[PDB]
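J.: how would this look folded up:
(11 chains, ligands or ions: 4)
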Amino acid sequence: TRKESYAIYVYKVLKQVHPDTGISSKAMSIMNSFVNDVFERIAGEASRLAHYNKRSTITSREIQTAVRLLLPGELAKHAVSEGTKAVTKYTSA
Amino acid sequence: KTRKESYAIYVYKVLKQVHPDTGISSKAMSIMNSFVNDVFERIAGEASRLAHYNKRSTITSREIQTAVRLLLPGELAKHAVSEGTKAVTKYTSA
Amino acid sequence: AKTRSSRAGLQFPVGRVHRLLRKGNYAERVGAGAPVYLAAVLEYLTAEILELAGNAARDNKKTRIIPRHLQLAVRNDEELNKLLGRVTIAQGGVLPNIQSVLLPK
Amino acid sequence: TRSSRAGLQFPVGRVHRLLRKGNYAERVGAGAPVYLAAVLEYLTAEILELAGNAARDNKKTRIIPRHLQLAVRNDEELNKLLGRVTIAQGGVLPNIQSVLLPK
Amino acid sequence: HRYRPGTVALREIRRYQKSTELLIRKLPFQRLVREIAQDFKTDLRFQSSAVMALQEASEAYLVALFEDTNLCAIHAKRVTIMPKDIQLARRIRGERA
Amino acid sequence: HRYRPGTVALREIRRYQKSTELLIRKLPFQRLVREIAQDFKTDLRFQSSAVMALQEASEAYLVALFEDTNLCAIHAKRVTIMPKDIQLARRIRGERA
Amino acid sequence: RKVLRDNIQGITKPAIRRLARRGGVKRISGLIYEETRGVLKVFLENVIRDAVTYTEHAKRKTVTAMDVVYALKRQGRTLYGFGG
Amino acid sequence: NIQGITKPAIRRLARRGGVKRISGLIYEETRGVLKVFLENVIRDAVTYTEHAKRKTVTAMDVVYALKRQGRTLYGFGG
Amino acid sequence: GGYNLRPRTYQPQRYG
DNA sequence: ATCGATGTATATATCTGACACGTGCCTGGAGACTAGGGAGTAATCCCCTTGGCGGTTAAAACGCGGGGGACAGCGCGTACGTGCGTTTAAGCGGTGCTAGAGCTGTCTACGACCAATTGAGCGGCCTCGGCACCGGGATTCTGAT
DNA sequence: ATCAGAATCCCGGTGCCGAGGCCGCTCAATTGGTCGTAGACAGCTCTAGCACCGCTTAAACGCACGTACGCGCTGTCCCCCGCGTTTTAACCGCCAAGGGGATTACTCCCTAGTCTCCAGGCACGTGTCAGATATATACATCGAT
Ligand SMILES: [Mn+2]
Ligand SMILES: [Mn+2]
Ligand SMILES: [Mn+2]
Ligand SMILES: [Mn+2]
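T.: Numbers count the residues shown, from 1 in each chain, chains lettered A, B, ... in the order given. Ligands and ions are numbered 1, 2, ... in the order given. Structure as follows:
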């Protein structure tokens, strides 16, 4: 049965930060579980954000303000930097 | 002005059933209204994940019942399940 | 019977709970028995607290339930305390408790 | 693909679907999946950067769960983000209390 | 007339455990909130109930912390709470590393 | 020869804090899991990954508990952990009433 | 406007003392008062940082009671009596 | 059956926890604490299994139970 | 790559 | 500080299974396109937040004197660590059996969606009695003689 | 063992406003009908979990010794408590003004929805190098002298 994961995506990220390194199946599931947990934690905060403000849409602004609530200060500062960069680049292309 | 909803009338009905000669202050009623919304979100939130875990798109009385067993302590869950099952069968007959 | 709360023998509004579930982004569809069950559980827990708070209000020789009475009820019942272990009741105070080693002879 | 248009390695398309079928809101606006995919890609890059360093310090080329635990528990902020999280087969940091050492 | 050291403290413990009023003065606490919030973003206003909700939550946190702190002092065969009792309490309940 | 008491004890701490393997035998732990599960529902089966998931969480819970337990003993000017230290850690954690 | 300065000292020594009395504390060390001010400042920073973040997301200049209640619930310190 | 958690097994867990000297009554206190932990997690895991109408407790039921107990676990799915 | 990684990894100071 | 030795750490010789890659099938993502509503935006009223003043006084602050708790010192008893020899069971390799998990097809029971209907539920106004507040007095008890 | 200053408990009277009630306006829930798909069901399949076995051995076990750690007692020191007096500003009430929270009305663009096309992503299948294993040495290190 076709099961999905983030395995092929953390490899492409691993090869950009450390091209001459690998990762075991045990550590791969840990990375896979890490992405899903942070995905749910961010999307859950963004859901409450839209509900608190009587709005029906989760846009990039709800994702940003959810990152500032969940990630620690120095991690959140660079995450917004990565988020805002990809959005403006996605709009230009 | 703005029409703001609340559980004030329904908490006041239950209070008179239990203590007919007892009232509640504005602050205490706000605390009760905060209690209901919290438990509402907890139960509905757990029932929401129960449907997602089983690839379902419907929150029925079975999901809410399972959410009660997970959240409420021992005796509270046993009685709350008795109240819900009694109500849902009474609702089906009418 | 007209309202869905009367068909279920409940005091809490089944119609309002049904709307909140649908407009709360919990699932794509909501069963007909979910708001009945949930409003019944919310009525039982509300009754359980108002029973103990009313007694506390009577023990303090008062007619109206204040936040203090809600605190004495929750914190003295083990089951309610576990349910609200990470909850703060405004103007509730604390339970009278003094450690034994602090007491004189 | 929307991942290349955003310059991301993580699937912008898969994130957009998971936001829809996750019952987070009635509608999911564009850019929100590319923003979230970029944030998830950044955080994975931050952990793999510090875990890969832990592997090189432990004289290994493949990252094991131990290298992930060393990378998170030694970073002040990854430890705070993953405070209530247990990493399997990660062990603990070497920490002996000073009053337990001999004189 | 003079009371022995300890009888007035135990009297105050009984006094403030029977009551529910806030123990921090309103105006000093409100200025502290505005000062801390001003460092996050300037030109901020507060609803009167928003500050009260902060004081209701802060005082309830400190009282609960003073309980776990008192247990740490009694655990070390002491009656006085010391800064190391507060830090141990904050470490065990997960607020510190 | 013979090592003084506490010499190899610190050696074991450095040995087990350096490794990541499980420290409880898997079969006695698996029988304990099936015994407790039998009291909630009968005729239950367990996946291999399901039992290993419980063991990874149970050991990581206890190891973190001994870290808090050890700090309570040091707080009382002791180096031996005692039941009163575990009870204080779980009380401050909020697990024990 | 007036410049706010050194308001952590507003939490006087007797105010910290009353909070400890309600906590069932008999004797108090002299260094507790500065430690409590540091703990409270750290507590207020985390709650206000999230509260004003909700205020910023709502495009408002006023911190509402709901902003504080939503923030306390995030921290795991749910509060009753002010909304929600 | 609870005695399967032997004394040297508890000592190894404490050694990883940085404990140098262990009392005698710790082992019976540890078995009771471990039992209360497994009781709370397996109760929720079986609840997830009963809701799925299954007779085999899967690893996801364990991961879901640990999550709501505040003991989130990585590496076993989810 | 294009990741704006923070250059400093501070160690969390623990009790004792 | 010196010396014998004891467990630990490094080296490199060789073996194996998990990793990383390759192949092709396929299903979810993307491009093209229509429809409507959520919300962006400009307009507007009034709620309530901020600011200031003084009269009042409970509370904060500082200093005094000493009682009792912090804690360092210390002796005694014993509980726990180290370790050698005895007993137990778990881990591994290998095989057999089927419960049950899972996946594919089929039909209806159920719930989203929509339009006309109407009273449950809310805000606004009103009134008194629960209880907050003031001041008198009876009781308890802790500390002095 | 007695007696007085303190605080707390308490008792009647008084005055203020918040709760509980009434009334009528409005919006959300009820009613009834159709459409469509999720979910319940049944049949087939095969994966995974369970069961039984005996060999080698690492692990649990138990006993024995003697240490040094836990803990009870003492005594010295000074810190923190209780209190009177002086100082400070919180609290209350009352007023001013404007900014921004909340309601409101109109146009659109952004996204859900549907359809056709195709490659990104996954199962599988297989070879190879990372690393698990280990023996002998190297060396960091503890206890006896
Ligand atoms: Mn400032
Ligand atoms: Mn020397
Ligand atoms: Mn609108
Ligand atoms: Mn204006």
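J.: sec struct for the closest residue to residue C:71 other than its chain neighbours, please.
T.: With sequence-adjacent residues excluded and distances taken as CB to CB, 6 or more residues apart in numbering or on different chains, residue C:71 is closest to residue C:92, at 3.2 Å. (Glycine included, C-beta is placed from N, CA and C.) With DSSP: H, G, I helix; E, B strand; the rest coil as the basis, residue C:92 sits in coil.
J.: Quick check on residue C:92: phi, psi?
T.: With angles defined as degrees, to the nearest 10, residue C:92 sits at phi -100, psi -30.
J.: what sits against it?
T.: C:67, C:68, C:70, C:71, E:20 (CB atoms under 8 Å, 6 or more residues apart in numbering or on different chains).
J.: any idea which element the third one lies in?
T.: Under DSSP states H and E, the secondary-structure element containing residue C:70 is helix C:67-76.
J.: Report the buried residues of that helix.
T.: Within helix C:67-76, the residues scored as buried using 16 or more other CB atoms under 10 Å in any protein chain shown are C:67, C:68, C:69, C:70, C:71, C:72, C:73, C:74, C:75.
J.: Would that helix count as contacting DNA strand K?
T.: No: Helix C:67-76 does not reach DNA strand K (CB under 7 Å from any atom of the strand); its nearest approach is 10.3 Å.
J.: So what touches that helix?
T.: Outside helix C:67-76, the residues touching it (CB under 8 Å, 6+ apart) are B:25, B:27-28, B:31-32, C:49, C:52-57, C:60, C:62, C:80-81, C:84, C:89-95, E:20, G:81.
J.: Now a ChimeraX select for only the buried ones of those residues.
T.: Per 16+ other CB under 10 Å, the buried members of these correspond to this ChimeraX selection:
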select /B:25,27,28,31,32 /C:49,52,53,54,55,56,57,80,81,84,89,90,91,92,93,94 /E:20 /G:81
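J.: Just the ones in helices from the contacts of helix C:67-76, please.
T.: Secondary structure assignment by DSSP state H places B:27-28, B:31-32, C:49, C:52-57, C:80-81 of the contacts of helix C:67-76 in helices.
J.: What about chain F: which of those touch it?
T.: Here is what survives when the ones in helices among the contacts of helix C:67-76 are matched to chain F using CB under 8 Å from any CB of the partner chain: residue C:81.
J.: Adding distance to residue B:87, write the ones in helices among the contacts of helix C:67-76 out as a markdown table.
T.: Listed next are those as a markdown table, based on distance: CB to CB, whole Å:
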| residue | distance to residue B:87 |
| --- | --- |
| B:27 | 30 |
| B:28 | 26 |
| B:31 | 25 |
| B:32 | 20 |
| C:49 | 19 |
| C:52 | 23 |
| C:53 | 24 |
| C:54 | 24 |
| C:55 | 26 |
| C:56 | 28 |
| C:57 | 28 |
| C:80 | 22 |
| C:81 | 26 |
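J.: from the ones in helices among the contacts of helix C:67-76, which is closest to chain I?
T.: Nearest to chain I among these: residue C:81, at 28.4 Å, using CB to the nearest CB.
J.: Can you give me the end-to-end span of stretch I:9-16?
T.: 21 Å (CA to CA, to the nearest Å).
J.: Show me what that stretch is in contact with.
T.: D:50, D:74-77, D:79-80, D:95, D:97-99, E:87-88, E:91, E:96-97, F:71, F:74.
J.: before we move on, what about stretch A:17-35?
T.: With contact meaning CB under 8 Å, 6+ apart, stretch A:17-35 is reached by A:5-7, A:10-11, A:14, D:40, D:43-45, D:47-49, D:51-52, D:55-56, D:61-65, D:67-68, D:82, D:87-89, H:73-78, I:1, I:3, I:5.
J.: Would you agree residue E:93 is in contact with residue F:94?
T.: Yes: counting by CB atoms under 8 Å, residue E:93 touches residue F:94, with 7.0 Å between them.
J.: burial count for residue G:50?
T.: Here the count is done by other CB atoms under 10 Å in any protein chain shown, and residue G:50 has 21 residues near it.
J.: now the residue in chain G that chain H sits nearest to, what's its secondary structure?
T.: Nearest residue of chain G to chain H: residue G:76, at 9.5 Å (CB to the nearest CB). Assigned with three-state DSSP, residue G:76 falls in the coil class.
J.: In this structure residue E:65 contacts residue G:39, no?
T.: Yes: using CB under 8 Å, residue E:65 makes contact with residue G:39 at a distance of 6.9 Å.
J.: joint contacts of those two?
T.: Residues touching both residue E:65 and residue G:39 by CB under 8 Å, 6+ apart: E:86, E:90.
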